[PDB]
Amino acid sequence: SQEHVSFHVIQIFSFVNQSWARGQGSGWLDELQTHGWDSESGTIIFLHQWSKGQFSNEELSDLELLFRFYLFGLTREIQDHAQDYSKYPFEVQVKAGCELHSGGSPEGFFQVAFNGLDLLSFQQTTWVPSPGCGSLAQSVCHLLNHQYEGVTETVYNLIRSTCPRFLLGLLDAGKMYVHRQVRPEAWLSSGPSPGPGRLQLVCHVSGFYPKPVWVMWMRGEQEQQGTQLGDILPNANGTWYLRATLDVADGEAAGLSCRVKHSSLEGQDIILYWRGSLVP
């Protein structure tokens, strides 16, 4: 395919007050969680059999040591440069990783948010403050640009080189999972009443993978114009869920059907006719 693919490490931490914080971290291949972090032991949790992504135990142990050193330094620096109780609680989000474009060109990124707003990002070899984050952003970038040069170099190599190599190793190690086909099932229900003398028809499609899917309300071969597609929602175990809905007048719902097309179905669409209260 020509589809872009990404790998991200994310971190979320919050300081409740000047001396107490909690944090979480994880690793994601597109929208699939592949790694957790055990903060007690400070170690990577490998969620799948293929989560080592063709890296050796030594490479992964060195990465783990790096992350622990990062967390130690981050903690010490925040404690030193903290102390007014009005600034607390605050929450920081970090998103670092890489995107592989269709031709193989890698793009690394490292972005930070503070209290839900952009704070700074890593651009080429410079920490760039977000304008909207004002003096705090400038302060943090000053520290990063002038007091941790080794950190800057390490981050550059992690997001530009280590990350794409790991991402592709994960795709290879996990090839039987990432290329799988999972067939959906479908069923009908009534949704919330649109109004007196009207019906909301709902077609549920659940358990499909991969994500591309086609669902529509039909009268014969004619697609119904009022059909609304909900957000595609996650199931556990990696599959997806979608509701397709249609409002219709009572006395016009008969003859309508839900039709589902998916790669896993090998040409045999799922077709369900609305029954409602029509059958005694």
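Numbering starts at 1 and follows the sequence shown.
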property	result
Count class of coordinate-free deposited residues lying between the neighbours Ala82 and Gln83	1 to 3
Mean C-alpha temperature factor, higher of 12 to 20 and 254 to 262	12 to 20
Mean C-alpha temperature factor, higher of 128 to 136 and 105 to 113	128 to 136
Per the PDB entry, maximal CA B factor within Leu120, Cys203, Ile78, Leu168	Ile78
Maximum C-alpha temperature factor, selected from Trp28, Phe55, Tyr241, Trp214	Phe55
Third of the chain's Cα B-factor distribution that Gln228 belongs to, per the entry	lowest
Lowest, middle or highest third - CA B-factor, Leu66	highest
Entry-reported Cα temperature factor of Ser193, expressed as the chain third it lands in	lowest
Third of chain Cα B-factors occupied by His146	highest
Ranked against its chain, the third holding the CA B-factor of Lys95	lowest
